[PDB]
DNA sequence: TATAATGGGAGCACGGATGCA
DNA sequence: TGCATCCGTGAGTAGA
Ligand SMILES: [Mg+2]
Ligand SMILES: [Mg+2]
Ligand SMILES: [Mg+2]
Ligand SMILES: [Zn+2]
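Protein chains in written order, with the authors' numbering: chain A, 3 to 106; chain B, 1210 to 1237, 1252 to 1262; chain C, 2 to 95; chain D, 78 to 91; chain E, 527 to 789; chain F, 1053 to 1104; chain G, 203 to 423; chain H, 1420 to 1502; chain I, 1 to 56, 63 to 1118.
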């Protein structure tokens, strides 16, 4: 699976959606006291991933025996935290918006 | 550098760019660096 | 200067090929624990310690001296890599 | 060029 | 969103841009659901477009988005990719590396052309993993961890680790480099010779190639790891192996200054 | 300047002559300071065009 | 303007307020529309300013508290001619307020800073370049855990297999889970009270082997 | 057609090499529209991907060279001969 | 020892106080020493006069303000990390325009920073300096049109951010155009707005042929100024409805209102002098009688047409002429930031005026000080011209305050600066130093104030000159700006004088800078001294006339880099300026009046003055500076000593007997030695280390904080989990290391534990704890330790704690500990030495005394310098300093040789003869004849033509000694050097750059958040940057695996670096490198841009570098 | 949730490329 | 076809 090429093209809204692990509804980052990702926020773990390796937000499944397992309580997949670097979110606009690179 | 035929696989582009660029600060109608860049 | 560097450059059509050969050979010597060496006991590169002369831990120096001897064969498409590794692992287990 | 000026103009139409 | 040393928080401006976008989008949706007049919705859509603008490329059209009480334009994705500080130039075509160091150079007259004086402490740090393994091969430490803790405190450092370090770097070379690197001879491979003092010793004949005098000029050291890297450095990059300028074909390592004077 | 500097560094300079030379010195300095940047830019261009 | 929200944002939220005003207005009271509308507009603008101005969201009442604290401290410094202490603020805030609460409130009122904040005199370097990553394990830490597992596997085979594997069965070396006495019992065909007494027993004999070779010292930090 | 080093460098087939020079927006936009594929022919492209540069020891000419013992060569010769 | 002075030039005036450019400025700005009714309209007062009254109570007016006293002394401010400042109160009145009621009050405006006697500030505990800023002075200027020969441009310039630049010119179409905010419009319109009629303009401007014809537009004169104003409003502001009231509110605000548009006072004077008119205000136009009335415009246009027509009496302006460039001092900058911050008060005042209860209101409720405070704080803390005060040594601080910058806010931006501004202008004579200025990108931008140069209240730089009448030079000293200087013919200060009369028939003088030879009757002035031409640093270089300007520059700049030495001594050959520098820098301590010293101790000196009052002077002892040097005061007096007024008591850092000591006087020989001096490198004798020459005390401060965290509080305690007593040995009961203890890298200064972040211990990890029969400790070890390459003796400790009086910590922080550790640094290999002449280099080799070249009497030389450094550099000052130093070595005396006036060759020959008698006659009287080796050297010398053949060996040896050359013996052989070598005494300093601080190495370490590449800097224990150019180097070499290793295993490849480390420590070969992380960052950042980046194979099939982690 | 209030406030230099007169 | 507009460039390392 060696990489012989690098291709670059436009992304359809459908492609962008197939990238995303969830929509970010709330313009919120983290809680002001508990300092944890807010639900449906920019840092939300239910979308992008777990902060701790193989551990959820509520703490139901804390080990590696569960992999690909999404908690029914806090809705967080149990996996490596590195995915927080690799997982895209998305935002659904009410009206379409022109990408400025193709305009100006 | 070796006074012998060049070995295949040597990158002569970088070597050329460095060879031309290195005495750029020594360069003093147009003369010197502005002329070089003009060309 | 590395000893006999002129001769080593003379052995090859490209200096980078010499580099590749030396590197690979050094890797082979490291993997098999210098058991595959073509060097005689008195031709072995030595290192000076507090105690006494020991074997030179550096595989690159070994590879270059071996290459200097002429007992090594280098080139492209000599033997398949799989067959090579199996035969080498048989003749010199790790 | 200026969004605020544009909106203020669009306000003065009514 | 990270917590710094002081317990305070540091964050990326993309979070603010995203916040603007999300806020304006949500407000737009609510305005649509509540049957707002055409003017309001129009203005809201304009704002949305300019928010996506600011997010993707900031300052491209109109006034650049800045944080409250600051004149600093927020950093967009385009600013991240493009520029000298951009992703490409800064983090891709060049990088900061491990197994590297730096120090002030000093004339090396006793050195052979292929040698460079390397301070003991520097070499101990640069070769540290090799030194750990060598310490394990001998009886200095039972294992690697103990050796590392042994090297953590300077007062715990004895002579045996130096004698082992000598056997570690034997036959190996390091790379010396001086800024600015104008041509490929701004980096050269030398055989390190462990020396007392904190200064790197540099051979007189390579000074011309490096354009180095000693007014307090400094140089960086790098350690090629693999047998391949070492083979490349020793065969190709060795100082003694390049005696002639790749540009003019003339000797770039030649007598100068005091040498010419004496002869 | 119409009047040259008749004095060497052996003899020593008048403050007038010294101040006269300061112009040339400064000009040279600034010249170098900009020239390094221009040269560097050129070099990067060359590397980018010839790299392959 | 200047509360952390853009002019147009304030205008739009105020527009929402105006909509609320239109829907709730009563012409029966012979009041001009501006009178009734102004209240809802100010309400909406204030709600917006309180809601959206912070990167880390804080509830509106807490925002009111913080603003109140700010005004109080400003009055105190105004009269005293110097920046007030936590105690003086605790005094001018009335009952229920001590120095600690003021300190914690000011601590929770702190806004985060940008990673792109300029360091030098040029565009050369940024604040975020000086912050290490404490999360990802350094190669030394990875090798530490690895060699830890190595040496722990080295000294664990010294004695009878089933009891050591029962010890590992409790500490989750095998399956990565702590098993209850009845379960870890039911594993190999035993049950209950014996199992724990075996673990200790293992831990007793485990006190033997290592103590002779002393390999585990450094990993304890 | 004659063009300067800058325009020439910006006109290159490789979009990775071009975008990392200057006018990054322009290059990336045109490349994305065209759906351009970078073959990773030159240096900069491979440097960006952290791959082995197609030069020096990384050259396809010298990197496939093998090193073998006379004994091992004989062994392979046996294996070839009998089968 | 005796000090011999040279030179025939007598300075008529001493040096004016060198810190005046800071102290006098800021004092003039604040005016706290003057009563409120006497306070001038200049400075902070102006800010109060411009911003007030605030109207539309209906009116809030300014009555008076006051500055209080500092709540803390300077030392306590430096200690507690506070700012040295005085409170600012403002007494104002609230006046209602209906109700005659007046409400009187004074409100706290916040605190404002106070300057010290030395001319610096203390901000957040750190000394800082506000750098003066040169810029283009406001006024009316006229420049030739570059594109259009024969035509001119008239620029009307106000102060920075005081409103827009205005450009008047004659365009090819024939009309007259004016530019404001990048908008070109015919001037006739505005002329009509100001009330001008075609008649007046025709009679006034009609003198010049067909210039006024382009000013004639019938459509403009066909309308009243109202319609012209409205049209102008619609021209300047499209989209805005052209209402009369708003038209006035715009045009008057822009071109008239003084609270918006303000010319400089010096700008006003410039306008008056150039145009030949008188400005009513500082504004171009003024609103009066319900209409607009012009001031500047008509005269400006008149001058423009006059110059364009070629009318005599008109000439173009040089924009870089020092008459047209002024200096904004600290007071002015702070003043303007105060105006900016005070203008913001108006918004709050009016806002709180419009709403709330109009009945109950006070100036207390109206005024919110926060913006003003935030203005000044922004100026001192975060500004460009506010710099970390550089004190390596007193001279560095003295020069830091005398800096003149063209950079900063309101000034030029770099790379936008051409040769013009960086050049040395002919008017820089006596004002700005032509020598001292940074090398590289900052050249010409950063300059230094001349010694005798002073700056007036207008901001111009002026230099002293003596009046000359009929050939008689008086003692009258007149300060002149550049423009004034251009008027007269100024003779040089080296002009021969018999009494006060000029003795030379042809005298060297200058007219507008141009060198010219004249007669004493034509001389209108004379220079005070050569000293005025150069800065303070440059004036400290003896034999400056023998040095090339380029090396003189380095010699000048490097003196500020000189480290204070414990043994430090004043130079053998000085310029005579050495004491003034120590006085003005306030390093040394001096006596107030005539008296007798009562007490002399290490920590204090008690003086009893004649009037009977007992004055105890405390002494600074072992204090750390910003640069990390050592500052302390050593008593120069003893008990019972009778002292006069202004006499030395204690010596400050880098001071010997009230003289400036930047280094030591060492015995140098100029000759190559075994390639150890190759290329500027320096060889030194071990003796220097034996007698502690070039040894310096350095103190570093290590700070730590224990704060409150949600898991639990961090505490400073002696208890550190999992540590032996050996590590806890020097720690006291509280956990802080005991003072006097010796710390080395790895040692713990302040023990600190922090509650562990919630973690799931790996089965192995938690098993291990039970294996040793232990339970996991509730905390982990965060303790402050000693970073690599650092250490010493701990000389101080400071512990700040909350819950204890006098201390208030930043929110959340329980305690803060500071550890001051000092070390005594000997001169070592790699440390940088330099002389005053620009000769500089690191110490390459330290030779034992037996290896050093030595004199026949057995005296070894201290330092060996390479002669090859001399000729290309062209600085011969070091040679003469070395000769005179050789004389002064044997004669046991020092010398003072001021610049351009001082010891000449024959004098040094005489001194060398006198010294030779001592050097030889001693030997001859001791019963020793000439050595064989000396005979051989003398023969070689005869062949060299250095001596006359036939003379006695003694005579030839003297002929050599007069040339500054002696017979020198090699210590390694005993054979003499084949020829005579130059040996003498030279003054050399150890520069701030030391190998001990700059050495760093890293195996692995911390990585960056986003990039996952190694961090930068030694302080962060980061890695070295391998940049584009270095990669180009590896590419050119063709080392593929080395480069790939640099790009992956060594930097951003996680799996790669981990596997490589693990492979190395196991003794195996490093594995194959994998995909770097910065590239993944690139892909994801490109996906955020809605661009799909796909890595493919040869079959064009997608290849996942994220390994299924990014795919649903 | 109720007098009436209705349009903001700041702020060098040379090249290639395209747009327009 | 030439004048004029916008837009995008402007050495490296170290330190701070
Ligand atoms: Mg040099
Ligand atoms: Mg140098
Ligand atoms: Mg209270
Ligand atoms: Zn869960």
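C-beta: ideal position from N, C-alpha, C; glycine also.
Inclusion of residue 75 of chain A in the 7 Å shell around ligand 4 follows from its C-beta lying nearer than that to a non-hydrogen atom of the ligand. By the criterion of a C-beta distance shorter than 6 Å, residue 190 of chain I is surrounded in its chain by 183, once the five residues flanking it on both sides are discounted. Residue-level contact check: residue 104 of chain A touches chain H, since one or more beta carbons of chain H fall below 8 Å from its beta carbon. Excluding the 5 residues flanking it on each side, residue 1440 of chain H has same chain C-beta neighbours closer than 6 Å at 1428, in chain order. Shown in chain order are the members of the segment 1212–1223 of chain B whose Cβ falls below 7 Å from a Cβ of chain C: 1216, 1217, 1218.
Apart from sequence neighbours up to five positions away, the residues of its chain that approach residue 396 of chain G with a beta-carbon distance below 8 Å are 387, ordered along the chain. The segment 513–572 of chain I contains, as complete alpha helix (DSSP H) runs of 4+ residues, the segments 555–564 (chain order). Looking at I/330, I/254, I/107, the one whose alpha-carbon comes closest to that of residue 161 of chain I is I/330. Contact annotation: the segment 368–384 of chain I touches the segment 109–123 of chain I, with at least three C-beta pairs closer than 8 Å. By the Cβ test, the segment 695–711 of chain E is in contact with the segment 1034–1049 of chain I, since at least three Cβ pairs between them sit closer than 8 Å. Taking 7 Å as the cut-off, the C-beta of residue 1000 of chain I does not count as close to any heavy atom of ligand 3.
Following the DSSP letters along the chain, one finds residue 736 of chain I in no alpha helix (DSSP H), marked with neither H nor E. If you look at residue 916 of chain I, you'll find it in the alpha helix (DSSP H) that goes 911–931. For residue 734 of chain E, the shortest separation between its Cβ and any heavy atom of ligand 1 does not lie below 7 Å. Here residue 569 of chain I is buried: its Cβ has 16 or more other Cβ atoms, across all protein chains shown, within 10 Å.
In chain order, 69 place their CB closer than 8 Å to the CB of residue 8 of chain C, counting only its own chain and leaving out the 5 sequence neighbours on each side. For residue 743 of chain E, the Cβ falls inside the 7 Å cut-off from some heavy atom of ligand 2. DSSP, reduced to helix, strand and coil, places residue 325 of chain G outside both helices and strands of the structure shown, so it counts as coil. In this structure, residue 895 of chain I and residue 4 of chain I do not form a Cβ contact; the two beta carbons are roughly 14 Å apart against a cut-off of 8 Å. With respect to chain B, the C-beta atom of residue 615 of chain E has no partner C-beta closer than 8 Å. Residue 293 of chain G has its CB nearer than 7 Å to a heavy atom of ligand 3. Taken atom to atom, the span from the alpha-carbon of residue 936 of chain I to that of residue 714 of chain E is near 53 Å.
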